[PDB]
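Asks: Only the shape, not the letters, is given here:
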Ligand SMILES: *[B]([O])([O])[C]([C]C([N])=O)[N]C(=O)[C][C][C][C][C]
Ligand SMILES: [Cl-]
Ligand SMILES: [Cl-]
Ligand SMILES: [Cl-]
C-alpha cells in the first residue's frame, strides 16, 4: 500500500476545527485500503486522548442495527413485515381519527407510522418500570399509517420492543448473539442505562462559544433508536460486512439484502425522491448511495456506503454538530470528483451566538437600570411577584406554543446558554420592578 491522503486529512481537520468537536474519528474504506483519521480528546478535563478504543454513542445509526435484526427475525420466519404491531405490543393503542389504527411492523421500519414529534421527548426520558407500549398508548397519529414518510426516532424503539417480544431475550442479548458476536464487533453493545462504559468518550455541547461537558439522558427504551455504543474499528467491520456478505451466514446475507430495500410506497417531494429502508437512506443518484446520520444531544456521527465502488465512510464525534452530519457527504464528494463544498451551518451554533447577544443585551439593560438607580414590605412583596409571574409565564410557554414540548426537552437539545435566557428575562424583570419601586 501507500500513505494516507493529505488532501483528505486537511478536509477533516478543517471540518473538525469548524465544528469545534473535542474528538473526531473518521474511517474511509476504498476497496480494502482503509484510511484512518483519529484526532482530539475524548475527555477534555482529564485530557484523555481520542484513541481507537474510544466508544461513541451512534445516535440514529443505531437504527440500522435494530432494523437488520428485524430482518434476521423475518428471514427466520419468526416475524413478518406486514404483521400488526398489536400482535407483539398488545397494549399499544395508537389513534387515527379517534379509532385504533392498524400499524404494521413495516410502518415503524420505514417511518410511515404517524407518531407525533413529541414521542422523542417521551422515549428519551428515563422511566424505569414503563414499557414502550405504555409510553405511546393513546397517541394521536399525524396521518393514516402508511400514508407519508415522516421520520420519528421512536419508531425504532417500538421495534426494539418487538425484537424483545419475539425472541424472549433482552435487546442487548439479541444484538450480541445476532450481530456483534457473529461479525466480530467485539467492542459494540446496546446499553441498558447510564451505567459506566469503559472508554466511552465524554459528551459535549456548545455553550457560550466553547464545548461544555454534558451528561445526557440515556433511557433504556430509547437504545434501539439512539444509544448503541461502538468504536471506529468496529464500525469498520460493520462497513465491511455490508460490503462483503459472501463469508457471512445466509440468514445474515439475506437479512442484509432486505435491509437495503427502500420503501417506494410513500409520496415523494419535487427535490427529494430518496427512499428509506431498514435504518438507511437509499439514493440512486451517483449511487446506490446508502447513508444515515447520527445525532444525539452530545454525540453526532455519520455513515455512507457506495457499495458498487467498495466505498465506506464513517465519522464519530463526541459533540452534536451538522459539520459532522455532513462530513460523509464532504468525503464522498472528495472521493468522487476531488472537490467539496464549504462547511454548512450548524443550528446549535447559531442559537448559541443568538443567546450570547441576548444575554449581553439583557445584561447591558440591567446595569443601566442599576447604575441610574443606585446613583439616584409592599416594596419587597410586589417586586418579587412580578419576576415570579414572568418565571411562571416562561415555564408554561413551551407546552403552549408547541403542545407536547417542555423545558426538559429544550435543555437536553439546545445550547448550554438556553438557561441564561429565562433567568436573564426574569432577573431583568426583578431589577425593573425594584427600580420602578424606587
Ligand atoms: B437520529 O435521527 O439521529 C435521532 C437519534 C435520537 N437521539 O433519538 N436524533 C434526532 O432525531 C434529532 C432530533 C433533534 C431534536 C431537536
Ligand atoms: Cl433468538
Ligand atoms: Cl437486565
Ligand atoms: Cl464480496
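Replies: Structure received. Residues are numbered from 1 along each chain as shown. Ligands and ions are numbered 1, 2, ... in the order given.
Asks: give the contact list for residue 182.
Replies: With contact taken as Cβ atoms under 8 Å, 6 or more residues apart in numbering, residue 182 is in contact with 248, 249, 252. Backbone N, C-alpha and C define where each C-beta goes, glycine included.
Asks: what secondary structure does it sit in?
Replies: Three-state call for residue 182 (DSSP: H, G, I helix; E, B strand; the rest coil): helix.
Asks: Relative to residue 408, how far out is it?
Replies: Between residue 182 and residue 408 the distance is 39 Å, computed by Cβ to Cβ, to the nearest Å.
Asks: that older thread, ok, the contacts of residue 182 vs residue 208, which is closest?
Replies: In terms of Cβ to Cβ, no member of the contacts of residue 182 lies closer to residue 208 than residue 252, at 47.5 Å.
Asks: what's next to the helix or strand hosting residue 122, contact-wise?
Replies: Using DSSP states H and E, residue 122 falls within helix 119-124. Here helix 119-124 makes contact (Cβ under 8 Å, 6+ apart) with 132, 135-136, 139, 152-154, 157, 217, 219, 221-222, 225-226, 404-406, 408-409, 412.
Asks: out of the residues you listed, which are buried?
Replies: 132, 135-136, 139, 152-154, 157, 219, 221-222, 225-226, 405-406, 409, 412 (16 or more other Cβ atoms under 10 Å).
Asks: and residue 280, what is it in contact with?
Replies: 64, 67, 259, 260, 262, 290, 291, 292.
Asks: Output the residues you listed in TSV, with secondary structure, distance to ligand 4 and neighbour count appended to each entry.
Replies: Below are the contacts of residue 280 laid out as TSV (DSSP: H, G, I helix; E, B strand; the rest coil; distance: Cβ to the ion, whole Å; neighbours: other Cβ atoms under 10 Å):
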residue	secondary structure	distance to ligand 4	neighbour count
64	helix	19	23
67	helix	22	26
259	helix	16	22
260	helix	15	20
262	coil	22	20
290	strand	16	22
291	strand	20	20
292	strand	22	24
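Asks: Relative to ligand 1, how far out is the nearest residue in space to residue 68 that is not next to it in sequence?
Replies: Nearest non-adjacent residue to residue 68, counting by Cβ to Cβ, 6 or more residues apart in numbering: residue 259, 4.8 Å away. Taking Cβ to the nearest ligand atom, to the nearest Å as the measure, residue 259 and ligand 1 are separated by 17 Å.
Asks: what's the answer for residue 211, then?
Replies: Note on residue 211: its distance to ligand 1, by Cβ to the nearest ligand atom, is 18 Å.
Asks: just residue 303 next, same as before
Replies: In terms of Cβ to the nearest ligand atom, residue 303 sits 11 Å off from ligand 1.
Asks: distance between the ends of stretch 179-199?
Replies: For stretch 179-199, the first-to-last residue distance is 21 Å (Cα to Cα, to the nearest Å).
Asks: can that stretch be found next to ligand 1?
Replies: No: judged by Cβ under 6 Å from any ligand atom, stretch 179-199 stays clear of ligand 1, getting no closer than 13.3 Å.
Asks: Could you tell me how far that stretch lies from the centre of the chain?
Replies: Stretch 179-199 sits 18 Å away from the centroid of its parent chain (Cα atoms, centre = their mean, to the nearest Å).
Asks: Quick check: residues of the protein near ligand 1?
Replies: Listed as neighbours of ligand 1 in the chain under the rule Cβ under 6 Å from any ligand atom: 59, 60, 120, 153, 225, 226, 293, 294, 295, 296, 413.
Asks: Residue 125 versus the most centrally placed residue in the chain, what's the distance?
Replies: With distances taken as Cα atoms, centre = their mean, the residue of the chain nearest its centroid is residue 295 (2.8 Å). For residue 295, the distance to residue 125 equals 17 Å [Cβ to Cβ].
Asks: now residue 153
Replies: Between residue 153 and residue 125 the computed distance is 13 Å (Cβ to Cβ).
Asks: go on, residue 60?
Replies: From residue 60 to residue 125 the distance is 18 Å (Cβ to Cβ).
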